[PDB]
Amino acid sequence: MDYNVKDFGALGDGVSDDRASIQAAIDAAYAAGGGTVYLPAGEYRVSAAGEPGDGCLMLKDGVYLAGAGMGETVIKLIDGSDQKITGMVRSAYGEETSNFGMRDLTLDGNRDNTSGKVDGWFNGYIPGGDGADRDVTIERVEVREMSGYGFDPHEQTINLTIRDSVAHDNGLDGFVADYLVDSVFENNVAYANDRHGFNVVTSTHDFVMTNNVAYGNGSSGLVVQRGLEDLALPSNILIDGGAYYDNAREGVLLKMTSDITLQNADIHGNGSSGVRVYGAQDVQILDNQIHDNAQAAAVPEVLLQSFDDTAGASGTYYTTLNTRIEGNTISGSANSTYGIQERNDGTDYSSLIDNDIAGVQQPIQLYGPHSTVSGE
């Protein structure tokens, strides 16, 4: 069944710690076998619910949080908080939670008046363990001011859906896709984040990102990477549509990964390259709008190169191979060295087909003994 948090003591006066109250309603709904815990408009302050892994509010199978809409319902940490909080709203560790989520609300990590690494949303089973959370759903949710991550769906979630949401002004990445499977990010916006807008890491595969926008972030707009550990490379991922622009680093970074498809996206005004492939295999850059990047350095619009990790976790030398770059409209900025460029670092088997390279110190520059062009 469904409930109203104020029916459990929750005031929402921007001062009173409404944690236990809210959590009660969640428990009630959990007991009833499911349900939508509601919170009317207003500001609900919450304190840490113990240790970092306990977060603030906890969700269990069949429970969802709903508010008066973004900007209307706001769950804000209490001025003065000071401890690592791995998820202001989360699912239990080691507990395979299914059927839960939230919609139409704003989580404010309130980092200006607090200390400790606070992440907005966190869910998952066991990092490095067998099992996962399932069928999660976040909709029209805003996560801002966290000192850490904005949205942190963690290892491992299956069939996750984050749509029409906004992460901004957080300490790290706006949205993280840490080991997600058969999931979807759709029509989301990450901006003003201290690092990446979108960070796809730790073995994520069969994942689709449709119409997402990342701009004004501290590092790259969207990044797909292996991760600090020698885990499986994220793979078979689709980035369809959207725009990644005016970010400090690249628009899109693909580091140590494979079977990635970037298409129909608008990539501009980024500090470094628009799209940078860093030691990835079978990546496809199709029909994208890559223009006016390299705002902070003399780099190419599209950069292809290999990643040496022979001295890192893997001891492997990631060679970028089989990169298909087709039907793109590449246009440079004053500082754009090339439209497309390979580093002579072993990168091979690049396929340049039907590209409109314009306004750059030079269109194409290939090195691999097998890299080819077909009409340009």
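The numbering used is simple: start at 1 and walk along the sequence shown.
J.: For the higher mean C-alpha B factor in the entry, choose 242 to 250 or 80 to 88.
T.: Higher of the two, by average CA B-factor, is 80 to 88.
J.: Compare the mean C-alpha B-factor of 264 to 272 with that of 92 to 100 as given in the PDB entry, and name the stretch with the higher value.
T.: Of 92 to 100 and 264 to 272, the stretch with the higher C-alpha B-factor average is 92 to 100.
J.: Specify which of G346, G339, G327, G55 carries the largest Cα B factor in the deposited PDB entry.
T.: Checking the PDB record, the top C-alpha B-factor among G346, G339, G327, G55 is at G55.
J.: Could you say which of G227, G174, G216, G279 has its CA atom at the highest B factor, as listed in the PDB entry?
T.: Most elevated C-alpha B-factor of the set, per the entry: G227.
J.: Within this chain, which third does the Cα B-factor at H196 fall in: lowest, middle or highest?
T.: As the PDB entry reports it, the C-alpha B-factor of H196 lands in the lowest third of its chain.
J.: Among the modelled residues of its chain, does the C-alpha B-factor of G148 lie in the lowest, middle or highest third?
T.: For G148, whose C-alpha B-factor we compare with every modelled residue in the chain, the answer is the middle third.
J.: With respect to C-alpha B-factor, does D182 fall in the lowest, middle or highest third of the chain as deposited?
T.: It falls in the bottom third of the chain.
J.: If you rank the chain by CA B-factor, which third does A31 end up in: lowest, middle or highest?
T.: Ranked within chain, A31 CA B lands in the highest tercile.
J.: Is the Cα B-factor recorded for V46 in the lowest, middle or highest third of its chain?
T.: Highest third, going by the recorded CA B-factors of the chain.
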